[PDB]
Amino acid sequence: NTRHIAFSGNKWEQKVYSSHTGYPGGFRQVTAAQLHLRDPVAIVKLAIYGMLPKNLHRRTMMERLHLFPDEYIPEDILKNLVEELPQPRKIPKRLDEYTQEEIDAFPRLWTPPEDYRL
Amino acid sequence: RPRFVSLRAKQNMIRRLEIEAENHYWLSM
Amino acid sequence: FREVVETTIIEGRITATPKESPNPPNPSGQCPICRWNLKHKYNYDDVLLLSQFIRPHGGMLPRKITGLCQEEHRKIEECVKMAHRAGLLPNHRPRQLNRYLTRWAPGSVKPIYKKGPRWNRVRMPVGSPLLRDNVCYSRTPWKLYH
Amino acid sequence: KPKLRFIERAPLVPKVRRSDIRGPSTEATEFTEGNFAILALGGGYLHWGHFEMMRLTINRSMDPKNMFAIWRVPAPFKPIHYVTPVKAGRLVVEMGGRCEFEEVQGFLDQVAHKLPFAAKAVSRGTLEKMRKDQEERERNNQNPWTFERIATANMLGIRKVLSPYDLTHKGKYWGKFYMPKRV
Amino acid sequence: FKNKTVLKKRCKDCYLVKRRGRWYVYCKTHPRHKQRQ
Amino acid sequence: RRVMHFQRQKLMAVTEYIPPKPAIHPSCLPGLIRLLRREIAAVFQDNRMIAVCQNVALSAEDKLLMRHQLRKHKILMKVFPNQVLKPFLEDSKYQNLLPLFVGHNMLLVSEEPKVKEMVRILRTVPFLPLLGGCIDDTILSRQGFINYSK
Amino acid sequence: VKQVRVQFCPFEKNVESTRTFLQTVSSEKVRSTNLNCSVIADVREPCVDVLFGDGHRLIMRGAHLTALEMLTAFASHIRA
Amino acid sequence: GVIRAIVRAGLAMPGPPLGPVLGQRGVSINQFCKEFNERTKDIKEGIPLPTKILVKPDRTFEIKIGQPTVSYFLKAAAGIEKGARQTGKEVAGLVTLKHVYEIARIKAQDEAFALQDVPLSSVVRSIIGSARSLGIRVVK
RNA sequence: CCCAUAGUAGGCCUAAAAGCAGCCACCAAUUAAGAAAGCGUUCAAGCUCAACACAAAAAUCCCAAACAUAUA
RNA sequence: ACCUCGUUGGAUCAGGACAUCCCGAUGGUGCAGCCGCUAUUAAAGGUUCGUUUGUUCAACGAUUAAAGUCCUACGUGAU
Ligand SMILES: [Mg+2]
Ligand SMILES: [Zn+2]
Ligand SMILES: [Zn+2]
């Protein structure tokens with residue numbers, strides 16, 4: 001589900017991924033959103049690549065990384081799977097997801113005037 | 001290039017200042 | 001809450017309106033937030049709190065009507081903006097990149113093509129500075145810029 | 001003469017002698033026969049052009065029957081051209097008459113921003129208010145450590161970094177610059 | 001639009017709006033008053 | 001400003017002012033006026049019959065003509081602030097007059113009723129309806145005023 | 001607009017909405033350009049009727065309503 | 001629209017003070033001056049007279065006139081032709097309180113001028129203030 | 001927010017300059033009132049105020065990766 | 001505080017900036033259309049040949065949509 005990552009703040013629009021083809025005029029600067037639309041794996045891949053130590057083991061380590069944009073995973077990889085790590089960020093619930101019992105449990109904070117359009 | 005003062009640096013300086021104030025007190029008698 | 005109904009003839013009927021829950025923890029306070037002891041204990045994701053000050057289509061309600069403080073009205077407005085941009089109010093809408101804690105409207109920020117040197121880095125704002133005084137449960141202060 | 005009198009570019013008879021920029025000003029720090037003024041929030045040098053533009057911009061939006069403006073700084077005398085030294089806290093131009101502070105606030109702020117050094121448009125009430133709130137700051141600060149205390153006691157051996165003038169300036173005045181927020 | 005460091009409404013119909021990240025003075029009656037921060 | 005020695009910068013940072021912090025927010029914690037008073041007090045006894053209208057939709061010239069036609073009679077038209085008129089009702093003990101004066105209100109104080117001709121004049125302008133008044137401490141609605149006129 | 005009739009009972013419980021409505025819209029400042037209208041104010045919960053000679057009658061029970069709502073409704077109906 | 005003029009009854013056709021100022025709305029100068037001369041005959045001749053002409057949208061004339069001016073009237077009562085320069089110290093003629101009351105008797109009667117105040121004080125104070133602003137001393 | 005009747009275009013001169021060319025008093029009606037603090041008219045006319053009322057940059061290619069709330 | 005005076009282009013190939021000379025998109029205009037002027041955005045592309053001068057330049061001639069301002073150790077002389 002690397003396609004469904006979430007950036008905090010305006011990083012989708014402000015974070016810029018820079019690359020150079022090596023040729024003159026080959027400098028490319030692409031925002032996080034554009035890079036995500038192009039490759040739904042590049043953002044997580046690049047974050048991991050940057051966090052790994054900058055030595056000759058890094059690309060071997062990246063060979064053990066398997067990124068999949070969606071819920072689909074190849075069968076052999078799925079059979080290899082051993083453990084699932086807890087998600088680092090707990091996803092906040094939407095009102096559409098909250099149960100009526102929870103809404104009732106949460107108190108009403110104020111008395112709205114009856115003669116109000118709202 | 002400019003340099004900036006961190007909270008850790010401020011805390012270190014404050015620790016030193018507290019030691020010096022206690023030195024003042026113990027030298028006052 | 002009065003609602004206008006048409007048939008042309010139009011008339012306004014006052015319907016059922018919710019009331020403040022019984023037994024406020026701190027009665028006789030300025031704002032509902034002070035009355036219920038929530039001065040620095042809500043965030044952008046507390047939709048149950050935030051939606052109580054929201055028009056059915058997502059807009060904020062005026063401070064005069066809500067009774068909120070000026071600072072608390074600003075905090076609620078910004079938290080509601082962040083909740084909307086994070087998609088936590090799917091039903092409070094006028095009629096795909098996941099986000100959260102987005103201070104600015106997505107279409108109004110420019111890409112940071114030239115982040116500065118280390119001493120003058122252009123940082124990406126995260127969250128809102130209005131919530132800077134919230135309760136701190138972490139050893140390090142939460143960063144407003146990334 | 002309810003107007004800013006023209007000042008000579010240079011004194012007729014040069015004077016031999018009698019850093020005039022660093023530190024607080026000692027003279028003309030208080031209102032004298034005026035109600036509003038321009039206060040210098042930092043030291044600097046006033047040129048003849050600066051004086052001429054002061055006079056022009058003051059006498060332009062001027063009501064001689066209701067406003068009278070006077071200088072507090074003498075004519076450019078220090079040779080370099082001739083200039084006048086000004087220290088922080090020195091009043092530059094004073095005003096008085098049957099008038100209210102907002103009547104002059106606009107162009108006083110404009111001319112203060114015109115001034116080469118930091119400057120402010122200050123009434124008698126505003127000057128008293130800022131002095132009183134500065135006293136309140138230095139009386140109610142919750143910091144146990146003050147520049148004055150540390151410098152005087154030579155805590156941390158800080159006088160190796162500080163100046164002898166820092167002991168008297170108490171950290172508020174650093175060079176020609178003045179830091180009113182600095183308690 | 002005219003680029004101004006400080007935005008000043010000129011007539012009554014000049015209104016300040018923060019759009020696309022920056023402040024503007026728009027005006028229906030006098031488009032000459034259009035200002036951009 | 002030239003760069004300070006870093007030790008001096010640390011000193012300034014450590015000696016920065018710290019404002020006192022209250023535990024609980026105080027915010028979130030708990031002669032024209034007398035001239036009008038005396039003039040309205042005197043008027044309440046001077047007038048015998050009183051009426052009120054909403055003379056605001058009229059132009060300057062139309063209001064001037066209306067004032068001229070009223071001054072043709074002994075009736076005098078008045079405008080006074082509701083902000084100060086609300087205390088006047090309870091001061092003069094006019095309880096039924098509270099739900100009568102809100103927004104624009106123009107009094108028509110008089111002692112001789114030319115209300116027949118005033119209503120006739122108002123008829124040619126199909127707006128500005130008559131509002132209930134209270135003659136000599138006796139409230140009269142619009143129907144009561146019409147009956148009194150007839 | 002062809003005709004408009006405004007009725008209210010300030011003798012009974014007051015309704016400032018229709019009062020402000022008639023003070024603002026039922027003014028010659030508007031009628032100067034809206035000369036085609038004939039306004040009548042018959043005072044005795046309230047009721048604002050508007051007759052258009054073409055096909056329309058608009059009845060406003062402006063008891064719970066307010067001045068802004070009724071002005072906007074009137075403008076929308078005028079636009080038609 | 002209302003057009004305000006302070007023309008003298010003697011010279012009914014001074015020229016520029018009437019022609020261009022009235023021709024913008026569309027007027028008949030012949031009829032206007034004829035009615036002005038009719039009012040001049042109805043009243044004393046050779047004295048400035050304020051007018052209250054209202055040019056109706058139907059292009060018709062309704063000239064309204066009343067008492068003469070106040071400045072010239074006071075100057076004539078004091079035997080003065082040209083007003084004083086300073087008007088704070090200069091004086092040429094003195095008018096007694098009895099004369100002020102006598103001239104005020106026939107003053108609070110016009111409709112357009114709005115001098116309709118019932119009390120004598122409301123008019124006497126205004127005329128005394130006007131005389132004081134002019135170069136006339138109020139005796140006793 | 002709302003709009004501002006009128007003694008009188010207040011007079012001196014100023015072709016007229018009336019509130020806007022200038023100086024002199026700066027009164028007065030209703031209830032509320034500047035012989036006007038600012039636009040525009042040769043001058044008027046038209047408009048507001050007040051009064052009632054309710055900040056920045058540059059040249060080979062941006063430059064750790066990233067992160068807002070787990071116990072100090 | 002007297003006088004004086006203390007490596008450079010060109011050719012070739014160009015890389016880059018945008019503070020845009022032209023081409024693109026807009027706002028305003030004391031522009032009715034044509035236009036001009038001004039401002040925002042835009043660096044993908046383009047940006048001439050000659051006479052005198054060693055000219056670094058400059059002037060002139062003829063053009064051009066335009067004949068941009070610069071940085072690159074004259075950018076570049078083991079070409
Ligand atoms: Mg550009
Ligand atoms: Zn405008
Ligand atoms: Zn509160």
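Just the heavy atoms: all of them, side chains too, but no hydrogens, waters or symmetry mates, feed the values below. Residue numbers start from 1 in every chain, and the chains themselves are labelled A, B, ... in the order their sequence lines are given, proteins ahead of strands.
Rounded to a whole angstrom, the distance from the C1' atom of J:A42 to that of J:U20 is 9 Å. The same atom, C1', is picked in I:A45 and in I:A17; the two are 14 Å apart, to the nearest Å. For J:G54 and J:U69, the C1' atoms lie 26 Å apart once the distance is rounded to whole Å. Here the separation of J:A17 from J:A78, taken at their P atoms, is 28 Å to the nearest Å. The separation of I:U31 from I:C24, taken at their P atoms, amounts to 37 Å, rounded to a whole angstrom. Rounded to a whole angstrom, the distance from the P atom of J:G15 to that of J:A73 is 15 Å. Between the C1' atoms of I:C52 and I:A6, the separation comes to 15 Å (whole Å).
Distances were taken from every side-chain heavy atom of C:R121 (C-beta onward) to each of I:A64, I:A68, I:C61; the shortest belongs to I:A64. Of the candidate nucleotides I:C13, I:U48, I:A25, I:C13 has the atom nearest to the side chain of H:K82. Of the listed nucleotides (I:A53, J:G16, J:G27), J:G27 has the atom at the smallest distance from the side chain of E:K34. Distance from the side chain of C:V126 is smallest for I:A68 among the nucleotides I:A68, I:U31, I:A66. Checking I:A6, I:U30, J:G30 against the side-chain heavy atoms of E:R32 singles out J:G30 as nearest. When each of I:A68, I:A58, I:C54 is scored by its nearest atom to the side-chain atoms of C:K114, the top-ranked nucleotide is I:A58. Of the candidates I:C13, I:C54, I:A68, the closest approach to any side-chain atom of C:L101 belongs to I:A68. When the nucleotides I:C54, I:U5, I:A65 are ranked by their closest atom to the side chain of A:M51, I:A65 comes out on top.
Distances shown here put every side-chain N or O of F:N105 at or beyond 4.0 Å from the OP1 or OP2 atom of I:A53. For the pair C:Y100 and I:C67, the criterion of a side-chain N or O lying under 4.0 Å from OP1 or OP2 is not met. Residue E:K2 places no side-chain N or O under 4.0 Å from the OP1 or OP2 atom of J:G27. Contact check, H:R4 against I:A44: no side-chain N or O comes under 4.0 Å of OP1 or OP2.
Side-chain N/O atoms of C:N43 and base N/O atoms of I:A68 include a donor-acceptor pair closer than 3.5 Å. No N or O donor and acceptor, one from the side chain of C:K115 and one from the base of I:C63, sit under 3.5 Å apart.
Here I:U31 has a south sugar; its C1'-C2'-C3'-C4' angle has a minus sign. The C1'-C2'-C3'-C4' torsion of I:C61 is negative. Its sugar is therefore classed as south. Sugar puckers are classed by the sign of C1'-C2'-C3'-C4'; that of I:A59 comes out north, on the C3'-endo side. With a negative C1'-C2'-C3'-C4' torsion, the sugar ring of J:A43 falls in the south range. Judged by the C1'-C2'-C3'-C4' torsion, which is negative here, the sugar of J:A67 sits on the south, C2'-endo side.
Within the 4.0 angstrom heavy-atom criterion, no nucleotide atom of any strand lies near H:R132. The residue E:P31 sits close only to the backbone: its heavy atoms come under 4.0 Å of sugar-phosphate atoms, none of a base. The residue A:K54 sits close to a base: some heavy atom pair falls under 4.0 Å. Counting non-hydrogen atoms under 4.0 angstrom, F:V79 reaches a base of the nucleic acid. The residue H:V123 sits apart from the nucleic acid: no heavy atom pair falls under 4.0 Å. Residue C:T140 is classed as having no contact, given no heavy-atom separation below 4.0 Å to the nucleic acid. Using a 4.0 Å heavy-atom cutoff across all strands shown, F:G103 reaches sugar-phosphate atoms only and no base atom. Using a 4.0 Å heavy-atom cutoff across all strands shown, C:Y137 reaches at least one base atom of the nucleic acid. When heavy atoms are screened at a 4.0 angstrom cut-off, C:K143 is found touching base atoms of the nucleic acid.
In this strand, J:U47 does not stack on its neighbour J:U48 when judged by six-membered ring centres under 5.5 Å apart and planes inclined by less than 30°. Adjacent nucleotides I:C61 and I:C62 fail the stacking criterion: their six-membered base rings are not both under 5.5 Å apart at the centres and under 30° between the planes. Base stacking of J:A73 on J:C74: absent by the 5.5 Å centre and 30° plane cutoffs. Under the 5.5 Å and 30° stacking definition, the step from I:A57 to I:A58 does not qualify as stacked. Under a stacking criterion requiring six-membered ring centres under 5.5 Å apart and planes under 30°, the adjacent bases I:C23 and I:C24 are classed as stacked.
When each of C:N134 and H:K52 is assigned the nucleotide of RNA chain I bearing its nearest heavy atom, the one mapping closer to the 5' terminus is H:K52. Comparing E:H33 and E:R36 by the nucleotide of RNA chain J whose heavy atom lies nearest to each, the residue mapping closer to the 5' end is E:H33. When the nearest nucleotides of RNA chain I are assigned to C:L144 and H:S130 by heavy-atom distance, the more 5′-ward of the two goes with H:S130. Comparing E:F1 and E:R22 by the nucleotide of RNA chain J that holds the closest heavy atom to each, the one mapping nearer the 5' end is E:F1.
In this model, no donor atom of one side chain and acceptor atom of the other lie less than 3.5 Å apart for H:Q67 and H:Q109. Side-chain N/O atoms of A:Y49 and A:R59 include a donor and acceptor closer than 3.5 Å.
C:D133 has a carboxylate O that lies under 4.0 Å from a charged side-chain N of C:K75, or vice versa, which qualifies the two as a salt bridge. The pair H:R137-H:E90 fails the salt-bridge criterion, with no side-chain N (NZ, NE, NH1 or NH2) lying under 4.0 Å from an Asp/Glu carboxylate O.
At least one side-chain heavy atom of H:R4 sits less than 4.5 Å from a side-chain heavy atom of H:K52. Between C:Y137 and C:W142 the shortest side-chain heavy-atom distance does not fall below 4.5 Å.
A cation-pi geometry, defined here as NZ or CZ lying under 6.0 Å from the six-membered ring centre and within 45° of its normal, does not hold between C:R85 and C:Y44.
Once the 5.5 Å centre distance and the 30° plane angle are applied, the aromatic ring of F:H104 is found not to be stacked with the base of I:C54.
Ring planes of E:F1 and E:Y24: perpendicular class, angle over 60° (limits at 30 and 60°).
Geometry at J:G75 and J:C13 meets the Watson-Crick or G-U wobble definition, both required distances lying under 3.5 Å. A canonical Watson-Crick pair (purine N1 to pyrimidine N3 plus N6-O4 or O6-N4) or a G-U wobble (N1-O2 and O6-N3), each contact under 3.5 Å, is present between I:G46 and I:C39. Under the 3.5 Å cutoff applied to both distances, J:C49 and J:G61 qualify as a Watson-Crick or G-U wobble pair. Taken together, J:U26 and J:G50 fail the test for a Watson-Crick or G-U wobble pair, since the two needed distances are not both under 3.5 Å. Nucleotide J:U69 is annotated as paired to J:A17 [Watson-Crick or G-U wobble, both distances under 3.5 Å].
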Trace of the side-chain contact (heavy atoms from CB on, under 4.5 Å) decision for H:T69 with H:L49: CA-CA 6 Å; H:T69 72; H:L49 297 178; over 6 Å; no
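The aromatic ring centroids of A:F27 and C:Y113 lie 6.0 Å or more from each other.
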